[PDB]
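Chain residues, written in single-letter form:
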Amino acid sequence: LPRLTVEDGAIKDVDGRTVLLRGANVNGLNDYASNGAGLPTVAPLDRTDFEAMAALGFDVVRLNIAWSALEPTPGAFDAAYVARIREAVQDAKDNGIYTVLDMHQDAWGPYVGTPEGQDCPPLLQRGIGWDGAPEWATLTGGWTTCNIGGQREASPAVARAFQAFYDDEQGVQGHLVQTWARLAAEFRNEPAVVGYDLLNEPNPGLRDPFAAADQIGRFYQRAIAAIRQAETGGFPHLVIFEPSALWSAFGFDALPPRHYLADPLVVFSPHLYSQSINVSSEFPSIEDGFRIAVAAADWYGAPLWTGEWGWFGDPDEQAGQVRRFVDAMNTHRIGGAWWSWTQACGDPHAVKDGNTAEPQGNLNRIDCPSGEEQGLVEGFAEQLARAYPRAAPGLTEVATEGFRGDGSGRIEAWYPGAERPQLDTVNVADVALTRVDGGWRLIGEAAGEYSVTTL
């Protein structure tokens, strides 16, 4: 709905309200290798998915899109794939959901898997194909596609292909930069697009964390200059930038140098996987992982918005960690996107694990191999649907019992569930609670200090 900007370390709208962008990753437009499994790699995606997201209270989607589908041959720009992106943006907007466009990849791309008749070196496991870059952009030097321990990023071929990209071999990085500019031009006047997550979990390539962070930042600087030129005649959207993929395994990393990100609309977006999928199950803790990320974002002078987080095991055991995560989002007043809305039976994550005949998903449960959606993973869903202020002027505090601030403008908040929220609204005029699908939307007007709390 209103255009988003950054001011004073927060995502805000142009009306001055502090915005919390909470929602999920949606991969229905991503281009995954099929890996010979003979199964869909994504679920269908249409307006009903965005209605379902709005019924959990979400007001953002991280839309995982693929360079391989935008630029299928060198220099191409597939406007028919752009029209599917634009349909998803419009279906999200019709349901009150902003879109982050995420140039997504795992393990470089679909073309890094070990071919069927090819063996692995001793001590390595077979690789499979994932998502990201097109085949023509994939320059592996012939290095083995097998990996250490089954970890998708720990393959010589993937590392070499990333290093070829950072070194701009054959101009492949200039191709992605131009593809980003062309895509930003397609949305330059669309306020529902938050902005651009320049590359998901950039791998180190053949560099250590410090030289990796530098080459990742050098790419971000090139992409930002191309995007800002392409936005001529529209307006500048937010630039969401990530540390290397190592943050997703350790809870911290070397940081892309600030001089590469010297644009006022950048947003730091590490993936906060502490106590979920880090190398250590204990360190950093969930809460220390937030403190590290918050300190890093403050170094950039930028907002923190975490593009991926999630738990993947039994909700009976892990819902308490999910609860702790949401609590910390409220303490730090950030948004982010759960991984993920749907995972299909032929997704590479399922293929890797030999789990293509087992149910998939940590939010929407898909039966396999049928592909049929069969309810929600309720222990996680109930945490993700928790009440929050979508937009609030001068927001100062967000807690489980409600929120408060000091400012002038329209408050908009979500509350889940069929029962009417029972609220104490201090200094809020014209309060209206509207039943909406899956919950309730609150509106009201502030003009100074205010609070909206449970009674």
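The text that follows walks through the structure, step by step, so that each part is easy to find. (Residues numbered from 1 in each chain as written, not as in the entry; some residues may be left out. Heavy atoms only, no water.)

1. Describing unusual backbone geometry
Using the following cut-off: The helix and strand labels rest on DSSP assignments: H or I over at least four residues marks a helix, E over at least two residues marks a strand, and numbering proceeds from the N terminus.
A cis geometry characterises the amide bond from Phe 283 onward to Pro 284, with omega recorded as -10 degrees. Residue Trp 339 is joined to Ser 340 through a cis peptide bond whose omega torsion reads 5 degrees. Note that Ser 340 resides in the loop between β11 (335-338) and α10 (348-352). For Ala 107, which is not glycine, the phi torsion reads 50 degrees and is therefore positive.

2. Overview of the nonpolar core
Our working rule: As used here, the term nonpolar core means buried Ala, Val, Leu, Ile, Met, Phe, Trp, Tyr and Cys residues forming a set that is joined through side-chain atoms within 4.5 Å. Three labels apply to residues, based on accessible area from a 1.4 Å probe with only protein chains included: buried if under 20% of the type maximum, exposed if over 50%, partly exposed otherwise in between. Contacts were defined at the residue level, with two residues in contact if any of their heavy atoms lie within 4.5 Å.
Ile 85, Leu 183 and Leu 198 are the most contacted members of the largest nonpolar core, which has 91 residues in total. For this core, the element with the highest residue contribution is helix α6 (residues 209-230), accounting for 7 residues. Those residues in contact with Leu 183 that sit more than four places away from it in its chain are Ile 65, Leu 70, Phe 77, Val 82, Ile 85, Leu 101 and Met 103. Ranked by size, the runner-up nonpolar core spans 17 residues in total, among them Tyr 388, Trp 440, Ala 446 and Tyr 450.

3. Looking at the packing of helix α4 (residues 156-166) against helix α5 (residues 172-185)
When two helices pack together, their arrangement is given by the angle between their axes and by how far apart the axes lie. Condition: Note on method: axes are straight lines fitted to C-alpha atoms, helices fitted across the in-contact stretch only, with angles between N-to-C directions ranging 0 to 180 degrees. Throughout this description, any angle smaller than 35 degrees is read as roughly parallel, any larger than 145 degrees as roughly antiparallel, any in the 65 to 115 degree range as roughly perpendicular, and the remainder as oblique. Three classes are used: nonpolar for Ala, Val, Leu, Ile, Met, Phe, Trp, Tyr, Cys and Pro, charged for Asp, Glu, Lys and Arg, and polar for all others, with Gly counted as polar.
Interhelical geometry of α4 versus α5 gives an angle of 70 degrees and a closest axis separation of 6 Å. What the angle tells us is that α4 and α5 run roughly perpendicular. Between α4, through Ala 164, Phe 165 and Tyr 166, and α5, the contact on the second element is made entirely by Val 172, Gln 173 and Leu 176. A class-by-class count of the residues in the contact of α4 with α5 yields 5 nonpolar, 1 polar and no charged.

4. Things to note about the sheet that holds strand β8 (residues 238-241)
Short version of the rule: What makes two strands pair is DSSP finding at least two bridges between them.
Spatially, β9-β8-β7-β6-β5-β4-β11-β10 is the arrangement adopted by the 8 strands of the open sheet, whose pairing is parallel. Of all strands in the sheet, those bounded by a partner on one side alone are β9 (266-268) and β10 (305-309). Within this sheet the neighbouring strands show an average axis-to-axis angle of 25 degrees, counted without direction. Pairing of strand β6 (residues 98-103) with strand β7 (residues 193-197) involves 4 bridges; the strand directions are parallel.

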